[PDB]
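Trainee: Have a look at the structure that comes next, please.
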Amino acid sequence: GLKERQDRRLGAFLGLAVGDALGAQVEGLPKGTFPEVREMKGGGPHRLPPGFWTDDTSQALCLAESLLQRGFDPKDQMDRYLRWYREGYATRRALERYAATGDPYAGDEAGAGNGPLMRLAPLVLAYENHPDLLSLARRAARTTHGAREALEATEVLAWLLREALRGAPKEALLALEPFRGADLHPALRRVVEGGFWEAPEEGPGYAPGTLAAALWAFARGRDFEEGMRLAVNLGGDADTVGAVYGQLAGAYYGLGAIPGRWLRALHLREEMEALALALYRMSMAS
Ligand SMILES: [Mg+2]
Ligand SMILES: [Mg+2]
Numbered sequence: 003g004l005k006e007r008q009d010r011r012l013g014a015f016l017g018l019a020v021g022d023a024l025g026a027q028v029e030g031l032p033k034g035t036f037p038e039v040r041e042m043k044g045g046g047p048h049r050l051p052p053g054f055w056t057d058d059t060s061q062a063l064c065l066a067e068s069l070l071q072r073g074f075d076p077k078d079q080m081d082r083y084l085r086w087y088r089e090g091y104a105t106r107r108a109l110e111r112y113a114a115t116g117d118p119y120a121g122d123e124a125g126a127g128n129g130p131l132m133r134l135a136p137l138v139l140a141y142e143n144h145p146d147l148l149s150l151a152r153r154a155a156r157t158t159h160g161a162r163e164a165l166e167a168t169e170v171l172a173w174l175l176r177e178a179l180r181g182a183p184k185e186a187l188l189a190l191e192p193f194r195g196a197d198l199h200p201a202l203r204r205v206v207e208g209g210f211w212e213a214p215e216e217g218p219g220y221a222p223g224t225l226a227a228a229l230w231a232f233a234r235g236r237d238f239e240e241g242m243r244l245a246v247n248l249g250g251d252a253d254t255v256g257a258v259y260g261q262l263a264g265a266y267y268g269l270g271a272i273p274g275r276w277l278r279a280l281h282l283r284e285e286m287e288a289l290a291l292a293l294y295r296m297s298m299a300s
């Protein structure tokens, strides 16, 4: 029913933040050099309070607000990212490029990072049914990243989230059928063809690698919690691997499957729930 369906959208959005917050605790740490992370303790290189997240969730929130206030508007997305960037003390370059030229698609070919993946969920929640969803995802990535593999990885995640929200089984999600044999960057091609079945040696910042790490954690985890712990304990760019895993696993398992203690400790939990529901209602209208 309605509740079950809403649960998936709320799960994907909140899961993103939960993963960001948990992973942030061990960001930059080499795999296997620290005790297993299992709870929201805060910490990390930014000495975050428990349940607090990073730029991953910040951008996701900005994108969410942009979509709700004016549909798909990359210019407005960048106005918001820039406004958040300046109030704070590859992406910074994209923002300054936009500030100087007015070009909203300020990503360059050097941007192959995972930034476009960490903030994706909001777009799929609101434009789930749009026939050009994958194209909108590419445009959303292009605002800050322009490398072929980053754009394609974003399209793959957009597909994954849409299918997961629609109830597709784990086996179908991991099979990535529409991408099999597709003309993709070699690195991403290796991921789609099964590269993710092997455990990563660390949490990668490279888009294809981040996607592969999230897919691995999703494949091996039997529930949201188990998969999330697998993802963040890879260390490295754990906040982002955690955020990507969170989006996919959140849409798949639903909000009700995410540990209550993680959600209760999450900063701006209620504001995100409101945004997720607003975005979902938006996908059912116009
Ligand atoms: Mg981050
Ligand atoms: Mg990160």
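Counting with the entry's author numbering, you get residues 3 to 91, 104 to 300 for the letters of the sequence shown. All residues carry an ideal CB built from backbone N, CA and C; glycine is no exception.
Can you pull every residue whose C-beta falls closer than 5 Å to some heavy atom of ligand 1, listed in chain order?
Mentor: So the residues near ligand 1 by this Cβ test are 56, 57, 58 and 253.
Trainee: Ligand 2 and residue 128: does the residue's C-beta get closer than 8 Å to at least one heavy atom of that ligand?
Mentor: Taking the sequence shown and counting its residues from 1, the one referred to as residue 128 is at position 114. Residue 128 Cβ: within cutoff of ligand 2.
Trainee: How many Å lie between residue 139 and residue 267 at the Cα?
Mentor: Numbered from 1 along the sequence shown, position 125 holds the residue referred to as residue 139. Numbered from 1 along the sequence shown, position 253 holds the residue referred to as residue 267. Computed Cα separation, rounded: 15 Å.
Trainee: Are the CB atoms of residue 235 and residue 16 within a distance shorter than 9 Å?
Mentor: Sequence index remark: in the sequence shown, residue 16 carries index 14 (1-based). Sequence index remark: in the sequence shown, residue 235 carries index 221 (1-based). Going by C-beta atoms, residue 16 is not nearer than 9 Å to residue 235.
Trainee: Just mark residue 298 as buried or exposed, buried being the case when its beta carbon has 16 or more other beta carbons within 10 Å.
Mentor: Walking along the sequence shown from the start, residue 298 turns up at place 284. Residue 298 is exposed by the Cβ-count criterion.
Trainee: Looking at residue 104 and residue 93, is the spacing between their C-beta atoms short of 9 Å?
Mentor: Any question about the placement of residue 93 has no answer from these coordinates, since the chain jumps from 91 to 104.
Trainee: With distances taken between CB atoms, is the gap from residue 41 to residue 275 smaller than 9 Å?
Mentor: Locating residue 41 in the sequence shown gives position 39, where the first residue counts as 1. Locating residue 275 in the sequence shown gives position 261, where the first residue counts as 1. A contact, by the Cβ cut-off of 9 Å.
Trainee: Below 8 Å, is the gap between the Cβ of residue 29 and the nearest heavy atom of ligand 2?
Mentor: Here the question's residue 29 lines up with position 27 in the sequence shown. Yes, ligand 2 has a heavy atom inside 8 Å of this Cβ.
Trainee: Is residue 9 near ligand 2, in the sense that its beta carbon is under 8 Å from a heavy atom of that ligand?
Mentor: Numbered from its first residue, the sequence shown carries residue 9 at position 7. Result no, Cβ not under 8 Å from ligand 2.
Trainee: What do you reckon, are the CB atoms on residue 94 and residue 261 nearer than 9 Å?
Mentor: Since the chain is numbered 91 and then 104, with no step between, residue 94 has no place in the structure shown.
Trainee: Is the beta carbon of residue 123 less than 9 Å from the beta carbon of residue 162?
Mentor: Your numbering for residue 123 matches position 109 in the sequence shown. Your numbering for residue 162 matches position 148 in the sequence shown. Against a cut-off of 9 Å, the Cβ pair of residue 162 and residue 123 comes out as a contact.
Trainee: Residue 219: beta carbon under 8 Å from a heavy atom of ligand 2?
Mentor: Here residue 219 refers to the residue found at position 205 when the sequence shown is read from its first residue. Flag set: Cβ of residue 219 near ligand 2.
Trainee: Identify the continuous alpha helix (DSSP H) that holds residue 184 and give its terminal residues.
Mentor: Mapped onto the sequence shown, residue 184 falls at position 170. Per DSSP, residue 184 belongs to the alpha helix (DSSP H) from 184–189.
Trainee: Short of 6 Å in beta carbon distance, which residues of its chain neighbour residue 80, apart from the five on each side in sequence? Order them along the chain.
Mentor: Along the sequence shown, read from residue 1 onward, the residue named residue 80 stands at position 78. If we look at residue 80 and ignore the five residues flanking it on each side, its Cβ neighbours are 112, 118 and 157.
Trainee: Taking only heavy atoms of ligand 2 into account, decide whether any of them is closer than 8 Å to the Cβ of residue 242.
Mentor: For the purposes of this step, residue 242 is taken as residue 228 along the sequence shown, with counting starting at 1. Answer for residue 242: no, Cβ out of range of ligand 2.
Trainee: By DSSP, does residue 73 sit in helix, in strand, or in coil?
Mentor: Within the sequence shown, the letter at position 71 stands for residue 73. The answer is coil: DSSP assigns residue 73 none of H, G, I, E or B.
Trainee: Using a 10 Å radius around the Cβ and a threshold of 16 neighbouring Cβ atoms, would you call residue 166 buried or exposed?
Mentor: The residue you call residue 166 lines up with position 152 of the sequence shown. That one is buried.
Trainee: So does residue 286 have its beta carbon nearer than 8 Å to some heavy atom of ligand 2?
Mentor: Looking up residue 286 in the sequence shown gives position 272. No - ligand 2 has no heavy atom lying nearer than 8 Å to the Cβ of residue 286.
Trainee: Does the Cβ-Cβ distance between residue 221 and residue 202 come in under 9 Å?
Mentor: For the purposes of this step, residue 221 is identified with residue 207 of the sequence shown, where counting begins at 1. For the purposes of this step, residue 202 is identified with residue 188 of the sequence shown, where counting begins at 1. In this structure, residue 202 lies closer than 9 Å to residue 221 by Cβ.
Trainee: How close, in whole Å, do the beta carbons of residue 36 and residue 249 come, if the pair is a contact with beta carbons under 8 Å?
Mentor: Residue mapping note: residue 36 aligns to position 34 of the sequence shown, counting from 1. Residue mapping note: residue 249 aligns to position 235 of the sequence shown, counting from 1. Indeed they touch by this definition, with Cβ atoms about 7 Å apart.
Trainee: Using beta-carbon positions only, say whether residue 269 and residue 10 come within less than 9 Å of one another.
Mentor: Along the sequence shown, read from residue 1 onward, the residue named residue 269 stands at position 255. Along the sequence shown, read from residue 1 onward, the residue named residue 10 stands at position 8. In contact: residue 269 and residue 10 (Cβ atoms closer than 9 Å).
Trainee: Please tell me whether, using a cut-off of 8 Å, the distance from the CB of residue 298 to the nearest non-hydrogen atom of ligand 2 is below it.
Mentor: As a working mapping, residue 298 is identified with position 284 in the sequence shown. The answer is no for residue 298.
Trainee: Among 173, 226 and 12, which one has its Cα closest to the Cα of residue 204?
Mentor: On the sequence shown, position 190 is the one that residue 204 refers to. Among 173, 226 and 12, the Cα nearest to that of residue 204 is on 226.
Trainee: Among 75, 20 and 39, which has the Cα closest to the Cα of residue 55?
Mentor: By 1-based counting over the sequence shown, the position of residue 55 is 53. Checked all of 75, 20 and 39; the closest Cα to residue 55 is 20.
Trainee: Are residue 217 and residue 251 closer than 9 Å when you measure CB to CB?
Mentor: If you number the sequence shown from 1, residue 217 lands on position 203. If you number the sequence shown from 1, residue 251 lands on position 237. Result yes, Cβ atoms of residue 217 and residue 251 sit closer than 9 Å.
Trainee: In angstroms, rounded to a whole number, what distance separates the CA positions of residue 292 and residue 65?
Mentor: Against the sequence shown, residue 292 aligns to sequence position 278. Against the sequence shown, residue 65 aligns to sequence position 63. Approximately 13 Å, taken between the alpha carbons.
Trainee: To which residues of the same chain is residue 44 closer than 6 Å at the C-beta, ignoring the five residues directly before and after it?
Mentor: On the sequence shown, residue 44 is found 42 positions in, with the first residue counted as 1. So the list reads 50, 51 and 52, once near-sequence residues are dropped.
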